[PDB]
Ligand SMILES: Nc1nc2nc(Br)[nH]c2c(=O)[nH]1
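Below, in structure tokens: the form solved without 8-bromoguanine (BRG), a single chain.
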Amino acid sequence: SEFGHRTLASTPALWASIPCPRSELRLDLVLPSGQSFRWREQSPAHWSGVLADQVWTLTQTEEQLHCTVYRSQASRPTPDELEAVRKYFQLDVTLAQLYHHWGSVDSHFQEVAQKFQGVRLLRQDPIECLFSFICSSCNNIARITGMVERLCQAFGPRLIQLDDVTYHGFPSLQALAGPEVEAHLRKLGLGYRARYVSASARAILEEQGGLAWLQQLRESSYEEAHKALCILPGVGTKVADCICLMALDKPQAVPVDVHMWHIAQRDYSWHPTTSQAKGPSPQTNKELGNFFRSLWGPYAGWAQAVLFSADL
């Protein structure tokens, strides 16, 4: 009973809650949607993963978000630990208000988003986010999730073990920048991405100023932030936009891939004006990204998540 992953019903006394109706957050819509790849629904409707360097299990009901953390001597989440969960889901950002704004300026959203409330962006760590998305090249959520999982098992610090699952924190810069890491990563199937992880871990640490550099980008402007990241090997416009949108607090960033194009040509009859190329291209993509930022406003990136979900 005191073993394995917990459930709200099995170990009641060890849970705490955060007021949050499903209209504000839908775990099943956000945790496996491809923002973070470290959450698993071990028990139905129960998600487990590493948040703030500790293992948590989250599950929601009516107007509550239930949290339980595995640090000894158990005990429900504390006032502050639960606060970390709040910052992670950026709950202070009200979706009810955003859906209202986007819906009032975009009829197609109005309809489409009705059946998909509770979609929002996670406030991730710049490192985990930088390296996870460097691995998303020529890949899908399932592939990426696997790679990222073996990567932490191999170089991340061992947290705690639940059932036959051992949790690891995301690798540090020192670890990814170490000797022979690229070779190690290739054995884990990362392919050519192995080079970028390693090259990028070294660049931040030996050419840019380390962790601080990355972090400091949360205070910089979207344009500065975007430019900075692109400096890294394996980090282009797309990955830079994801990192900006997902870890550096830039809600206006709008990552453009052939997917966003499909949603644009099918639900808006969008077409490139400036750039000549009709298919995706550096210039046409930038243009497409500007279209949505003009259409949805500052949180264009959050609106995109909503559509991607409903398009599933």
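Just count from 1 along the sequence shown to find any residue number.
Same protein, other form: the form solved in complex with 8-bromoguanine (BRG), not shown, and the subject of what follows.
Worksheet item: Is the site here open or blocked once 8-bromoguanine (BRG), taken in the bound PDB entry, is overlaid via the site C-alphas (blocked: 3+ ligand atoms within 2.4 Å of backbone or C-beta atoms)?
Response: If you fit 8-bromoguanine (BRG) onto this chain using the C-alphas around its site, the pocket comes out open.
Discussion item. For the interface check, one of 147 to 155, 130 to 138, 166 to 174, 88 to 96 should have non-hydrogen atoms within 4.5 Å of 8-bromoguanine (BRG) in the bound PDB entry; which one?
Written reply: Among the candidates, contact is made by 130 to 138.
Practice prompt. May I ask you to choose, among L65, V69, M246, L51, the residue with a heavy atom within 4.5 Å of 8-bromoguanine (BRG) in the bound PDB entry?
Written response: Selected option: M246.
Worksheet entry | is_contact(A264, 8-bromoguanine (BRG)) in the bound PDB entry, heavy atom dist at most 4.5 Å | The answer is no: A264 has no heavy atom within 4.5 Å of 8-bromoguanine (BRG).
Item to complete: Please run the contact check for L31 against 8-bromoguanine (BRG) in the bound PDB entry: heavy atoms, 4.5 angstroms, yes or no?
Response: Outside the cut-off, so no.
Discussion item. Please tell me whether any heavy atom belonging to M260 falls inside 4.5 Å of a heavy atom of 8-bromoguanine (BRG), as the geometry stands in the bound PDB entry.
Written reply: Yes - in the bound PDB entry, heavy atoms of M260 and 8-bromoguanine (BRG) come within 4.5 Å of each other.
Worksheet item: Using 4.5 Å between non-hydrogen atoms, is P255 touching 8-bromoguanine (BRG) in the bound PDB entry?
Response: Contact with 8-bromoguanine (BRG), yes.
Worksheet item: Within 278 to 312, which residues come within 4.5 Å of 8-bromoguanine (BRG) in the bound PDB entry, counting heavy atoms only?
Response: Going through 278 to 312 in order - heavy atoms within 4.5 Å of 8-bromoguanine (BRG) in the bound PDB entry - the hits are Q304, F308.
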